[PDB]
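Survey of secondary and tertiary structure
Chain by chain, the residues run as shown.
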Amino acid sequence: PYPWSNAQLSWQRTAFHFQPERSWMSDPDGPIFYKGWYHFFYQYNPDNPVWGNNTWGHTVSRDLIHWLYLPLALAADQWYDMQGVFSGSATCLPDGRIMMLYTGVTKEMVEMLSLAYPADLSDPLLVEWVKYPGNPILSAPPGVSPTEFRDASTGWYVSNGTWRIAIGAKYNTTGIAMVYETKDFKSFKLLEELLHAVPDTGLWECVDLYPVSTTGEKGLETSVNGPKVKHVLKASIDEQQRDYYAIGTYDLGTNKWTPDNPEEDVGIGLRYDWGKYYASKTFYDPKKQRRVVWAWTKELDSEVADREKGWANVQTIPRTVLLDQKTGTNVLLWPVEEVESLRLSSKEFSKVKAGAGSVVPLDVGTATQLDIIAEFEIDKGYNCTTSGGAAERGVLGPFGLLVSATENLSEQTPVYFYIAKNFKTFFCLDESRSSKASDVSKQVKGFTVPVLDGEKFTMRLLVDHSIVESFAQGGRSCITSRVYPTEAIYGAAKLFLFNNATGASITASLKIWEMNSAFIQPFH
Ligand SMILES: *[C@@H]1O[C@H](CO)[C@@H](O[C@@H]2O[C@H](CO)[C@@H](O[C@@H]3O[C@H](CO[C@H]4O[C@H](CO)[C@@H](O)[C@H](O)[C@@H]4O)[C@@H](O)[C@H](O[C@H]4O[C@H](CO)[C@@H](O)[C@H](O)[C@@H]4O)[C@@H]3O[C@H]3OC[C@@H](O)[C@H](O)[C@H]3O)[C@H](O)[C@H]2NC(C)=O)[C@H](O[C@@H]2O[C@@H](C)[C@@H](O)[C@@H](O)[C@@H]2O)[C@H]1NC(C)=O
Ligand SMILES: *[C@@H]1O[C@H](CO)[C@@H](O[C@@H]2O[C@H](CO)[C@@H](O[C@@H]3O[C@H](CO)[C@@H](O)[C@H](O)[C@@H]3O)[C@H](O)[C@H]2NC(C)=O)[C@H](O)[C@H]1NC(C)=O
Ligand SMILES: *[C@@H]1O[C@H](CO)[C@@H](O[C@@H]2O[C@H](CO)[C@@H](O)[C@H](O)[C@H]2NC(C)=O)[C@H](O[C@@H]2O[C@@H](C)[C@@H](O)[C@@H](O)[C@@H]2O)[C@H]1NC(C)=O
Ligand SMILES: *[C@@H]1O[C@H](CO)[C@@H](O)[C@H](O)[C@H]1NC(C)=O
């Protein structure tokens, strides 16, 4: 139990990621774009920096970045949601109406579906929310447990005024996704056929079904379907606290989603992010024609420090979701372009040489608020999780960057590539020496990343105090993590380029931006 100072704890607050003024925040809830405003709702405990006397926090921004706090959107104030207003999604109807589906928990721990909608659709800010007088509207079916019946998705249109929503659950140890049909979002009929099911995954939380284009570079509206449209099916795997997705096709007639690769099905294949990243929700952004993904990153320190500091958990910068059209077998995740508006000044390091077993210092000034773009070339079974991280020297790795580092490397957070003997490229983040405090996460996170012919090794790092976001090969693989240095804070936080391979020297080019605050504040 490390004795944290006031200065160490205050440093942990992020400059440009979304978080409330104080207390606990988790799952993203019904994000929409409405009348010039980006709306974001979130799980919020008003009382303490722990999960959770669940209510829905509400915030708005013009550009998915400069957020403004609003009054609380939904409270635990009715018998059917007294134990919490759990997660949920918004469906926009063609007549301008917004239907917000959320899970309500009774004091008996029973979870039921309920409807909320704007009190006043003429208000762009959508401050006041009303609960549908006929709540609750849906309880668990026979197969599914009534204490584990949660997380309705955004609806997609079928015909004759019929919409479908997806609710994930389980049969025994089989993760499943049920589909309900509705015409008014007040009554639901359970379909006989499941959307999909995968053995040995456990409970599926926050399921998400959405179209991706196979030719365009735009996002698609959720109801879009056709011959050149693929569907991503995504579930949060509760037993793991990790998000998984797969690429396949969805048929409106059969109501079936089928994976393009069954060995990489939902829960047993790819992740959006290989670090701390959970309960991700997407929405369609009609202004820039994008699909944007939201997700929260839990604290990786002790609960004692959370209580001492007064708050817990951040949202990652929202990312775009596109199909990787170069591989055809993964998605590209990339921070929204508006994050670039935070860039202040840049410093370039052109063709820097790093020999085997070397550490090259990168003078950038302050290194706690950064956007780093780096390309790497090599001149002239492994597994990140079970590896020794940056200390495990191989012939062609590890090499890359050290962020959140002290002058003498007493604390360090490597983000690195490791090439292993066919050639597998690994992209990992090493938490093992991030902090001198023993009561934090000391894990090595990561996975393989595809590198195609001609491509350099590229990583983008978003550094923002106690959160690091990393992106390999344009976002084919991402790693989000939390760091809690005891010494590498304020002026003492430094940045290095390293190469710990035994038989390879690397050459790198970096552009490093200093990042401004997002100035997150209460709405005027
Ligand atoms: C690279 O190495 C890492 C580490 O070795 C691999 O990840 C590990 O993968 C194993 C399974 O291969 C996971 O084991 C499972 O552990 C669960 C409990 O986990 C708890 O304890 C952890 C401590 O180790 C802790 O970190 C967690 O927070 C958690 O509290 C078990 O419940 C689970 O059993 C149940 O599920 C299985 C099948 O899903 C089923 O049989 C039953 O329903 C069980 O109830 C499972 O236990 C297994 O391991 C022990 C064996 O004796 C059993 O037979 C197995 O069932 C492990 O959690 C995981 N560790 C991580 C991610 O840190 C990694 O594998 C890949 O990633 C994981 C997530 C998985 O998706 C694999 O399919 C991937 O291959 C390695 N990468 C590779 C091989 O590419
Ligand atoms: C490049 O790889 C080398 C070789 O592994 C790294 O040096 C090694 O660093 C590790 C971890 O710091 C040292 O291991 C020991 O870990 C325990 C923790 O349980 C610690 O208490 C011990 O004091 C010890 O540090 C190891 O001594 C050290 N080995 C050598 C030969 O120097 C090096 O740090 C890597 N470069 C990086 C990460 O930039
Ligand atoms: C989860 O596993 C259960 C236990 O293995 C399944 O029930 C078993 O089903 C067998 C063959 O269908 C049957 O001979 C066993 O008697 C029965 N065992 C028990 C303890 O009930 C169960 O399958 C469901 O329930 C049974 C009773 C049938 O109605 C099946 O058609 C059901 O699929 C599995 N549960 C689920 C929700 O799939
Ligand atoms: C919920 O609220 C009560 C009273 O407002 C509080 O005492 C309790 O500990 C809270 N639960 C939390 C913070 O998890």
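Thresholds applied
- Residues numbered from 1 in each chain as written, not as in the entry; some residues may be left out.
- Chains lettered and ligands numbered in written order.
- Heavy atoms only, no water.
- Helix = DSSP H or I, 4+ residues; strand = E, 2+ residues; numbered from the N terminus.
- Rg over C-alpha atoms; globule rule 2.2 N^0.38 Å.
- Buried < 20%, exposed > 50% of the residue type's maximum accessible area, 1.4 Å probe, protein only.
- Areas by Shrake-Rupley, 256 points an atom, 1.4 Å probe, with all protein chains shown as cover.
- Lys, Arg positive; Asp, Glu negative; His and termini not counted.
- Charge placed at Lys NZ, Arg CZ, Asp CG, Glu CD.
- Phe/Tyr/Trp six-rings, centres within 6.5 Å; stacked < 30°, edge-to-face > 60°.
- Near = heavy atom within 4 Å.
- Polar contact = N/O pair within 3.5 Å; in protein donor to acceptor, adjacent residues only side chain to side chain.
- Nonpolar A, V, L, I, M, F, W, Y, C, P; charged D, E, K, R; others polar.
- Core = buried A, V, L, I, M, F, W, Y, C linked by side-chain atoms within 4.5 Å.
- Pairing = 2+ DSSP bridges.
- Axes fitted to C-alpha atoms, helices over the stretch in contact; angles between N-to-C directions.

Structure determination for this PDB entry was carried out by X-ray crystallography, with a resolution of 2.90 Å recorded in the header.

Here we come to the overall build of the chain. Broken down by element type, the chain carries two helices and 36 strands. A globule of 524 residues ought to have a C-alpha radius of gyration of about 24 Å, and the chain, at 23 Å, matches this closely. In terms of its C-alpha atoms, the chain occupies a principal-axis envelope of roughly 65 × 50 × 40 Å. Looking at the chain residue by residue over its 524 residues, the buried ones come to 59%. For the chain, the computed accessible surface area is about 20,300 Å², with 50% contributed by carbon and sulfur atoms. Of the charged side chains in the chain, 49 are positive and 61 negative, and the gap between their average positions amounts to 4 Å.

Take the packing of aromatic side chains next. Describing an aromatic ring pair means giving the distance of the ring centres and the angle of the ring planes. Applying the stated rule across the entire model yields 35 aromatic pairs. Ring geometry for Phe40 versus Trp67: centroids 6.1 Å apart, planes at 55 degrees, classification tilted. With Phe40 in strand 2 (residues 37–45) and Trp67 in the loop between strand 3 (55–61) and strand 4 (68–69), the pair connects residues that are 27 residues apart, well separated along the chain. Taking 5.7 Å as the distance between ring centres and 85 degrees as the angle between the ring planes, the aromatic pair formed by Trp79 and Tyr80 counts as edge-to-face. A relative accessible area of 55% means that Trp79 is categorised as exposed.

A few words now on the site of ligand 4. Taken together, the residues surrounding ligand 4 are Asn45, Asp47, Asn48, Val50, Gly52 and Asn53. The side chain of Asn53 places a nitrogen or oxygen atom 2.3 Å from an oxygen atom of ligand 4. Against a free-state accessible area of 360 Å², the protein chains account for coverage of 44% of ligand 4. Grouping the constituent residues of the shell around ligand 4 by class yields one nonpolar, four polar and one charged.

The omega torsion across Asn135 and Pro136 is 0 degrees, close enough to zero to call that bond cis. With respect to the secondary-structure elements, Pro136 resides in the loop between strand 8 (129–131) and strand 9 (156–159). The backbone of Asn160 sits at a positive phi, close to 50 degrees, despite the residue not being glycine. Along the chain, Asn160 turns up in the loop between strand 9 and strand 10 (162–171). On the accessibility criterion, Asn160 (70% relative accessible area) is exposed. At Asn172, a residue that is not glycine, the phi angle is positive and equals roughly 55 degrees. Assignment of secondary structure puts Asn172 in the loop between strand 10 and strand 11 (174–182). Judged by its relative accessible area of 74%, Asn172 is exposed.

Core analysis: the largest hydrophobic core is formed by 74 residues, its most contacted members being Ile372, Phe376, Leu401, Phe417 and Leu497. Formed by 19 residues, the second largest nonpolar core is a distinct cluster that contains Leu115, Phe149, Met178 and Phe188.

Read across the sheet, six strands follow the order 20-1-2-3-4-36 without closing on themselves; strand pairing throughout is mixed. Edge strands, defined here as strands with exactly one partner in the open sheet, are strand 20 (311–312) and strand 36 (521–522). Pairing of strand 1 (residues 23–34) with strand 2 involves seven bridges; the strand directions are antiparallel. Counted as the bridge partner of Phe33 is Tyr38 from strand 2.

Attention now goes to the pairing of strand 29 (residues 424–430). Burial of strand 29 is extensive: six of the seven residues sit out of reach of the surface. Pairing of strand 28 (residues 413–420) with strand 29, which is carried by six bridges, proceeds in the antiparallel orientation. Looking at strand 29, one finds that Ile419 is bridged to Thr425. With six bridges joining them, strand 29 and strand 30 (residues 444–449) adopt antiparallel strand pairing.

Before going further, it helps to spend a moment on the sheet that holds strand 15 (residues 229–237). Ordered by their spatial adjacency, four strands build an open sheet running 14-15-16-17, and the pairing between neighbours is antiparallel. Two strands in the sheet have a free side with no partner beyond their single neighbour: strand 14 (204–213) and strand 17 (256–259). Mean inter-strand twist for the sheet, computed between neighbouring axes without regard to direction, equals 40 degrees. Sheet analysis places strand 15 next to strand 16 (residues 242–251), joined by seven bridges and oriented antiparallel. Counterpart to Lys234 in the pairing with strand 16 is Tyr245.

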